[PDB]
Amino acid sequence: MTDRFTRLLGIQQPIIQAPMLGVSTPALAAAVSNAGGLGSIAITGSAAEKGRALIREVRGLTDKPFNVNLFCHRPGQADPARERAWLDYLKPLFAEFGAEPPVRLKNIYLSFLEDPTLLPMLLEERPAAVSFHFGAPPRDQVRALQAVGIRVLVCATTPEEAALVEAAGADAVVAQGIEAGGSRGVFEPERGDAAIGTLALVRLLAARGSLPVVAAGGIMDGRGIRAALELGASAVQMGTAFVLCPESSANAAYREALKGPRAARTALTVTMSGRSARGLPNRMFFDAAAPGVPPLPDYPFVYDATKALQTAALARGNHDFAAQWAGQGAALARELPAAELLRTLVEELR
């Protein structure tokens, strides 16, 4: 299965370094691709021409295939009244840092479904792989990418979501287990979250004998990779393992957090961004259902509010509101140059 997948992508090793918005960089992606895996960058939140520049930066650092990731959520629905109430609720937190909340919130992460400039840019630049999170694009768009040689991956958290990935015509499904760090790939969180663990999810999707399955969530070493392959996966995707790499853009506080005792426990929160996401809990991790908490605005408007608070806190040296995403294998994190980490994972896999 790994022979099939590595051949499908242009690569030597069945290991994808996860795209991680705010953490992956062209340097990180190129290091992993150079070492033989599939490096990744995340381009959502940037204008298409900035995305183009980022893709070109990676190409200036590696000749090998890499992965470009875009969010494909339902386009956020602005709700000024609900957003106003949310900001008013956050007011005392801003005031701790001598700040006021932003006067309005913005749709800071445009979905692939709402920014028509993204697809033609990708068709021009032709990265080896394009991946989607939160949903699959229409079949005709997936086809357009494939027509110029691009391999298309989509994340799914359930067999039902995997069926939609299949119907979209993707080349592979990234099976994201509950272990995974960062945003959950749930398509329609208003319907709930089955919260299936990696070991069950990968086996269920592989037992379907359709798309190659890339296991994502909680994998930190070659033993984890071997286990994923035993379950039927064709490859793995690893985020938390690469966060401490010097090539990533994690800041010092994030690295310190992930190296220390806080790594012993991760949690899910919707109050950071408006969508369920896993990280090291802090003051942004509260109960949205608690008395006094007004209704949550839509994703990604909530994250715009949180980013403003993060900025105010950071300006006073306070890191207690940071987005420090991490999977349930966080305590097994290592700090190595990314090429060395890739090499080490391959040795462990053998």
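One rule holds for the numbers: they count along the sequence shown, beginning at 1.
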item: Stretch with the greater mean C-alpha B-factor as recorded in the entry, comparing 133-141 against 178-186; value: 133-141
item: Stretch exceeding the other in mean C-alpha B-factor - 53-61, 315-323; value: 53-61
item: Residue, from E230, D221, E247, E166, that the PDB entry assigns the highest Cα B-factor; value: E166
item: Maximum C-alpha temperature factor, selected from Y254, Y89, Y109, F242; value: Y89
item: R74 - which third its CA temperature factor falls in, relative to the rest of the chain; value: middle
item: Within-chain third of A48 by Cα B-factor, per the entry; value: highest
item: Third of chain Cα B-factors occupied by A156; value: lowest
item: Record-listed C-alpha B factor of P281: chain third; value: lowest
item: Position of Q12 among the chain's modelled residues by C-alpha B-factor, lowest, middle or highest third; value: highest
